[PDB]
Amino acid sequence: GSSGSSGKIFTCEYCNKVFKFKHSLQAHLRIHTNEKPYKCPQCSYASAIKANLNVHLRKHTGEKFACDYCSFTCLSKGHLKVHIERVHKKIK
Ligand SMILES: [Zn+2]
Ligand SMILES: [Zn+2]
Ligand SMILES: [Zn+2]
């Protein structure tokens, strides 16, 4: 079990989420923004373009795997793991 201190906490007033760091919540709020006319039914994915959406939707194939560190989503699982060892890591 992790053992450390904790002053304050950052809670998201959108999806009742929580983030240890601040920058995490800020960048996260990104998905919590609807300024485009075309919105995605699956997620909060929106784009002024029409095609972009059509292609995006295709991405939704059952269940995606979101990164524990960042908000990176991948179709496969194994890839996600490597993404954390390559992106969130620079040591073989
Ligand atoms: Zn949120
Ligand atoms: Zn979507
Ligand atoms: Zn990641």
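Every residue number used here counts from 1 along the chain in the order it is shown.
This deposition comes from solution NMR.
Even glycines carry a Cβ here, placed using N, Cα and C.
Here is what Swiss-Prot says about this protein:
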- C12, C15, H28, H32: Zn(2+) 1 binding site (BINDING)
- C40, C43, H56, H60: Zn(2+) 2 binding site (BINDING)
- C67, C70, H83, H88: Zn(2+) 3 binding site (BINDING)
- 10-32: zinc finger (ZN_FING)
- 38-60: zinc finger (ZN_FING)
- 65-88: zinc finger (ZN_FING)
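According to the PDB entry, the protein carries these features:
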- 1-7: expression tag (SEQADV)
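Here the features listed in Swiss-Prot are placed on the structure.
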residue: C12; record: Zn(2+) 1 binding site; contacts (Cβ under 8 Å, 6+ apart): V18, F19, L25, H28, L29, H32
residue: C43; record: Zn(2+) 2 binding site; contacts (Cβ under 8 Å, 6+ apart): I31, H60
residue: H56; record: Zn(2+) 2 binding site; contacts (Cβ under 8 Å, 6+ apart): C40, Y45, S47
residue: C67; record: Zn(2+) 3 binding site; contacts (Cβ under 8 Å, 6+ apart): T73, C74, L80, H83, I84
residue: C70; record: Zn(2+) 3 binding site; contacts (Cβ under 8 Å, 6+ apart): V87, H88
Distance-selected binding-site residues near ligand 3 (C-beta under 6 Å), from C15, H60, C67, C70, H88: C67, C70, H88
Contacting binding-site residues for ligand 1, chosen from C12, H56, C70 when the Cβ sits under 6 angstroms of any of its atoms: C12
Close approaches to the expression tag (1-7) from elsewhere in its chain (Cβ under 8 angstroms; 6 or more beyond its ends): 20
Spatial neighbours of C15 (Zn(2+) 1 binding site) that are distant in sequence (at least 6 apart) but have CB under 8 A: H32
Env. residues of Zn(2+) 1 site, Cβ within 8 Å of mean position of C12, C15, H28, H32 Cβ: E13, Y14, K17, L25, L29, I31
For the zinc finger (38-60), sequence-distant contacts whose Cβ falls under 8 Å of one of its Cβ atoms, 6 or more beyond its ends: 31-32, 75
